[PDB]
2 protein chains.
Amino acid sequence: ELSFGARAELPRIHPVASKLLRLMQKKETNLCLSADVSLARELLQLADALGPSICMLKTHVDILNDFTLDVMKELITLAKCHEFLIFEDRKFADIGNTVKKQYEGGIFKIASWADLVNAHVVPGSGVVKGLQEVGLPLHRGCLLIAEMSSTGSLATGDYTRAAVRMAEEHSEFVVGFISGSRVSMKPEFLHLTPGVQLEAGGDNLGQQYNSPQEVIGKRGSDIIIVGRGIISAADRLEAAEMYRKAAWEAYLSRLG
Amino acid sequence: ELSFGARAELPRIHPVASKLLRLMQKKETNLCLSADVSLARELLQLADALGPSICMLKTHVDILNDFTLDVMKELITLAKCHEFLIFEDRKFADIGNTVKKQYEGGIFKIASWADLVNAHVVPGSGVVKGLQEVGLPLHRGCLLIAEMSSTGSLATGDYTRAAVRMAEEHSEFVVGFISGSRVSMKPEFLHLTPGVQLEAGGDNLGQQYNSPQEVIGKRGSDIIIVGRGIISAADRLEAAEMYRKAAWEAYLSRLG
Ligand SMILES: O=C(O)c1cc(=O)[nH]c(=O)n1[C@@H]1O[C@H](COP(=O)(O)O)[C@@H](O)[C@H]1O
Ligand SMILES: O=C(O)c1cc(=O)[nH]c(=O)n1[C@@H]1O[C@H](COP(=O)(O)O)[C@@H](O)[C@H]1O
């Protein structure tokens, strides 16, 4: 098993994955903050304070009450300053012709500011083809959703195998997965795992939690995605540091 | 098999489905226009001119370059005038806690203006639970995506059966399906079918077309969803009338 720094140099590595893996090793962080807030001021204050602790900030641009492209300009300034990637968790899931417009256009112009986006594989490979026609020219990457954290997920068995095949056949654009575990044996592919908290539990709407030690150490994922475990805490900086140290040590102990 | 007008009166009918079925029978239309345009002025001129020919106008609010809630105010005025429902084709596909915010909030406030939305079933029933916590109080309905028109779709076999079970277990909010065919034997549930053109063919990004006669007459669906077959035509009104007459006759001939 290679370190993040060595994976950053693999011959078939995507440039976006390489940039991410380099800053993960430099900063000793494999934490992605899920910045699940409705106010731009809160998003930007979290990005500034937690920027040093995170490899990635995950957005849902469509829950932000005061979205403007200028808010995203301020977010890019913080991403550059503190060295993290921006991941818009848009979960594209339409025919190729539709997702290309959803990615490039409308009010959000997601491709103009998002290093990474993600897509469901259920529509077939046209979803990836459509996104890549915008994303390849704009030097972006994509994650495919191979497994989900929620109760009753149908992303199991043959579905997960289809997501891995799709990623591997579109390596020019697909840089990894949203998954609960290592699903690809190819080290060029990132595994990002949501549904993470230090304590056992869930929410009232089908979210299920596992610990950083379980998903990084035992299940072999690379990055934890954490929302409420940080966002709902009083001291979001110390919460981020707890998650960072947990995920980083779990990674180091798997490397041996 | 019951007429649309008789289905509108079924004991377990959802009020949104009832309203739709009534106006389909009154206007002799089972055509949903996929208003896949980037300009508000074009969206509104299509809605006004084609309103009499359609039972439903399907939006992708996130490809509209000049979206404002006022544009949607003007669309509701046309929907009320000409009697059609508004369907935002958002394809919610996240955990329940996230989709409730995506549905109610952000810039789009989808639940404030959309009669219908749709959701993927891959995350499990939490997606429906989250949406219904916004949509039930706002008297809205939802369609579940049981089958898709695109090449390589994984929405087949057990997946489609899971979508039908999920819809049937959430009939307070779920009013039907996006499907290629009749998938539910319960007549209270609408079947809407995209991937429709009069001529054989497809697009370059995995879209596949079938005719109105095939999907309404042979496959037993209720409503055709048509985008480019109308939108790319020179005379969009005459194109809409051709699709309307095709879908309506296919429906009548299945009734006998
Ligand atoms: O794509 C995602 O990040 C995602 C996939 C998934 O399977 N589960 C999942 O929870 N998510 C997202 O990750 C975040 C989880 O947030 P918390 O449950 O608050 O930690 C939310 O923003 C979800 O939308
Ligand atoms: O939910 C949808 O309407 C949808 C589901 C599906 O399986 N296939 C599909 O084409 N659609 C949508 O229906 C429309 C099809 O447009 P045309 O291919 O131009 O007729 C697009 O807006 C798609 O996003």
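We name chains A, B, ... by the order of the sequence lines, and we start the count at 1 in each one.
A donor-acceptor pair under 3.5 Å is absent between the side-chain atoms of B:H60 and the main chain of B:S34, judged by distance alone.
Counting heavy-atom pairs closer than 4.5 Å to chain A, the top residue among B:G105, B:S150, B:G106 is B:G106.
Counting non-hydrogen atoms of other residues, nucleotides and ligands closer than 6.0 Å to CD of B:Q213 gives a total of 12 or fewer. Around atom CE of B:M166, more than 12 heavy atoms belonging to other residues, nucleotides or ligands sit under 6.0 Å away. More than 12 heavy atoms of other residues, nucleotides or ligands shown are found within 6.0 angstrom of CD on B:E74.
Residue A:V121 touches chain B through both its backbone and its side chain, counting heavy-atom pairs closer than 4.5 Å. For A:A93, the parts sitting under 4.5 Å from any heavy atom of chain B are the backbone and the side chain alike. Contacts between A:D89 and chain B at a heavy-atom distance below 4.5 Å involve backbone atoms as well as side-chain atoms. Only the backbone of A:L64 comes within less than 4.5 Å of a heavy atom of chain B; no side-chain atom from C-beta onward does. Using a 4.5 Å cut-off between heavy atoms, B:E104 makes no contact with chain A at all. With a 4.5 Å cut-off on non-hydrogen atoms, B:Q102 touches chain A through its backbone and its side chain both. With a threshold of 4.5 angstrom between heavy atoms, A:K100 approaches chain B through side-chain atoms but not through N, CA, C or O. Only the backbone of B:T151 comes within contact range of chain A, with at least one heavy atom under 4.5 Å from a heavy atom of that chain. Residue A:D203 touches chain B through its side chain alone, counting heavy-atom pairs closer than 4.5 Å. With a 4.5 angstrom heavy-atom cutoff, A:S149 touches chain B only via side-chain atoms.
Using a cut-off of 4.0 Å between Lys/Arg side-chain N and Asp/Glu carboxylate O, A:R90 and B:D62 are scored as salt-bridged.
To the nearest 0.5 angstrom, B:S153 atom OG is 10.0 Å from B:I145 atom CD1.
With contacts defined as side-chain heavy-atom distances shorter than 4.5 Å, the pair A:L69/A:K109 qualifies.
Outside the 6.0 Å centre-distance limit, the rings of B:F67 and A:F108 are not counted as a close aromatic pair.
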